[PDB]
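To keep things clear, I will list the structure first and then write my remarks on it.
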Amino acid sequence: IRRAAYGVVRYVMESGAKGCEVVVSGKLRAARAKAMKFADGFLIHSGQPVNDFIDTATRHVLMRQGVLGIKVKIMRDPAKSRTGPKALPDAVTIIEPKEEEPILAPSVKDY
Amino acid sequence: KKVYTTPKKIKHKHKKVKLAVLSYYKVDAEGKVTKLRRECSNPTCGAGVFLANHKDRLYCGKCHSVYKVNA
Amino acid sequence: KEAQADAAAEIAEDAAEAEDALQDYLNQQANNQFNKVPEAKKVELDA
RNA sequence: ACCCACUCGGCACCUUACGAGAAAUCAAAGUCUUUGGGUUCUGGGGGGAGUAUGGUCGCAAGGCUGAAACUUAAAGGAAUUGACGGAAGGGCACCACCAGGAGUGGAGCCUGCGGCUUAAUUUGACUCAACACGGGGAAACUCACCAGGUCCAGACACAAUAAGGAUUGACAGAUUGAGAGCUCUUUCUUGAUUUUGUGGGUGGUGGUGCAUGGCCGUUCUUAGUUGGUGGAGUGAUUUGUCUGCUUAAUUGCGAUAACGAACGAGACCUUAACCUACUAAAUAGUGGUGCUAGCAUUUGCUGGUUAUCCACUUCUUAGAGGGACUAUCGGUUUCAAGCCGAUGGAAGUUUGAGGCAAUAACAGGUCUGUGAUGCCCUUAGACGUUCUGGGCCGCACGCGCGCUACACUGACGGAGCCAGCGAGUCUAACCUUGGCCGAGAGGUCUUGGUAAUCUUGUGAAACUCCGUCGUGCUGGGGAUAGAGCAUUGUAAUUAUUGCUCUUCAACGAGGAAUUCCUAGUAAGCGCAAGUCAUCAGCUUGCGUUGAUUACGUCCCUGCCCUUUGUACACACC
Ligand SMILES: [Mg+2]
Ligand SMILES: [Mg+2]
Ligand SMILES: [Mg+2]
Ligand SMILES: [Mg+2]
Ligand SMILES: [Mg+2]
Ligand SMILES: [Mg+2]
Ligand SMILES: [Mg+2]
Ligand SMILES: [Mg+2]
Ligand SMILES: [Mg+2]
Ligand SMILES: [Mg+2]
Ligand SMILES: [Mg+2]
Ligand SMILES: [Mg+2]
Ligand SMILES: [Mg+2]
Ligand SMILES: [Mg+2]
Ligand SMILES: [Mg+2]
Ligand SMILES: [Mg+2]
Ligand SMILES: [Mg+2]
Ligand SMILES: [Mg+2]
Ligand SMILES: [Mg+2]
Ligand SMILES: [Mg+2]
Ligand SMILES: [Mg+2]
Ligand SMILES: [Mg+2]
Ligand SMILES: [Mg+2]
Ligand SMILES: [Mg+2]
Ligand SMILES: [Mg+2]
Ligand SMILES: [Mg+2]
Ligand SMILES: [Mg+2]
Ligand SMILES: [Mg+2]
Ligand SMILES: [Mg+2]
Ligand SMILES: [Zn+2]
């Protein structure tokens, strides 16, 4: 239940995702229902960027013992956005100035 | 729940009987075959099928129901 | 470790798949081909 | 007597820690693996047990000395973190109060819940977080209940039966609620499709939401979670993440062994506001002109004319941009974040309102949404399924959401007459204008519309006006009931709804209790949508009219936050 989940997470992460999340709900071998979260990197859970970046799916895995949930959540690197906004609304970048060589009594050139 | 009341008296579906069937084609002697049990008049029935004999009754079975033919 | 290496083969199967490597008949018309006669008998209506 | 310094010896306290400890902490509990100044006593897992036995002391109660068999894998220490507390201290909010509004609670009915009744009155849910909830407005269906009647749609595997017939169907008649061959009478038909048995399946609104997925509700009208380098601890951990300050907010400011960060809040998204500036429109609309009617005449005033043209985009529409960032100035505050007032502004209460919404928790609800499902039960006299009728509406009563009233800020009769969100018919009968007929309900002949084009300007209602009524249960109120006509639907009886007449109840402002709310809000009003053949007193939206009162506090309640205790950690069920 870990080896599989953690395996997925590694492949998705290595596929360039900004982040991803794997949840398993159900019952394995123990009569009581338990659940695990598996998550790495970066994810936002709120706002419009939700629709924009994270992709989710749920899947019912039917087994001998019963049925488990697979909820998978993958977040995509907003830089690569192609068609859409290329960063979270969060992001604010200041452009970096350049060293100056001031003074220089005025003169002038000609053409 | 409740589990089984009932007033006895169950039912049975059908036997279909046994009936060695066609001994009915009457010969006379050797070898003429005079063919008892008259045959039906409708195109779906190719005269292979016949009519049953009851009181007031001549009935085609090949017609599951249709066409009472009375004589 | 067994999960990380699990994704070693997921890359392998993914990287080796980036390159990697008539019964004429026609039963629609065969009933039209077999349409040939001497396939039946019809005679009836006595008495 | 008092003050200063110094020194012996006291009772103590403070700060450090070289050092010690498992730690809490310790100037001894320090100078112990770098282990030795002298000396006395006691302990050797937890129970059994300070019990039994002996000896000894005592008047006694009892003191000293003091076992074992057996049992058991932990008991125990200090500290960390959670959970909880009928501990302390700080907050927050009309699901808290204050200041008020409008009410419910009383009345009639409507509806749901309990109860009783019942052949059955199917069932889930019971404080906020059950009870106008399951989209739950049930005449058949729905349907899970009850009274009775059919069918297999029992795959498939082996076996048995049997081509001399394995099996299928039915006319009439009996029968039956029934033109069900259900069953039976008689006897035609059918042709390996079925049948019988076992194994194995299949359906089930059958059980289990205390076996689950998923979904949802609640905690939460909340503000919390985490990691990088650094500081502390042997360690679990901790500091960061904090007294105060400020914000709706772990929102910030400031203090600071922390610095600088990420999820959540914020940003973001939608919708309602603002564009005489950009792009446009006979499916939106204005101006001008032809055509054209009425009144006045002196040029005018008020209409008609889906294309007779010309021009335009203020109004309508939606693409693209602009705009607000609490701006300007000024008060107050660590002159910090902020806060408040004033001017300007479409807009200054997170601009108003929503959508989205971290970690975590519940044995919350849902197996009665699901061909999502484990397992259990059932599976032909069925808990499958279908047909007929009944029931979910049954009525001494308790509870809850509502609706309509008690009238003169009113009923009633004329008449003025004003919105917005929606919806609407293809292999079809949806939205319906208009002309007739009818008191009405409605009927009939037609017509536009797959819709910014037609219904429709949805001429809605409250409201405004002129009258009739005059405080008298009155003409307020419309329960209950009789009688007739219509509509939906195969079916209306236990009366689907609609109309007309008559009948004319309770209720004269409602005890203890208790809900909801701070601006286009409350409340009053009707409309559209869902449901829908018919049925809204329900719900989800919408616009119309439009106040009184706060702008605060922790008193009640509820809930967070520290502090503190813990022998809980399945965490006070
Ligand atoms: Mg964020
Ligand atoms: Mg947000
Ligand atoms: Mg130390
Ligand atoms: Mg009050
Ligand atoms: Mg009151
Ligand atoms: Mg309710
Ligand atoms: Mg029925
Ligand atoms: Mg049948
Ligand atoms: Mg069988
Ligand atoms: Mg069996
Ligand atoms: Mg089912
Ligand atoms: Mg139950
Ligand atoms: Mg549960
Ligand atoms: Mg669940
Ligand atoms: Mg509020
Ligand atoms: Mg803290
Ligand atoms: Mg415009
Ligand atoms: Mg102003
Ligand atoms: Mg429970
Ligand atoms: Mg379900
Ligand atoms: Mg009911
Ligand atoms: Mg009036
Ligand atoms: Mg008439
Ligand atoms: Mg009266
Ligand atoms: Mg009246
Ligand atoms: Mg009153
Ligand atoms: Mg309706
Ligand atoms: Mg309802
Ligand atoms: Mg503690
Ligand atoms: Zn025949």
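The residue numbers of chain B are those assigned by Swiss-Prot, with the residues present covering 82-152 sequentially.
Structure method, as recorded: X-ray crystallography, 3.5 Å.
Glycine too: its Cβ is placed from the backbone N, Cα and C atoms.
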Swiss-Prot annotates one residue of B:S122, B:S146 as phosphoserine; which residue is it? B:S122
Fill in the CA-CA distance, B:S122 (phosphoserine) to B:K107 (ubiquitin cross-link), as an integer in Å. 21
Length of the line joining the Cα atoms of B:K113 (ubiquitin cross-link) and B:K107 (ubiquitin cross-link), in Å: 9
DSSP on the zinc finger (B:121-144): how many residues come out helix, how many strand, how many coil? 0 helix, 9 strand, 15 coil
Can you check which residues sit near B:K107 (ubiquitin cross-link), meaning Cβ under 8 Å from its Cβ, same chain, 6 or more apart in sequence, and list them in order? B:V114, B:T115, B:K116, B:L117
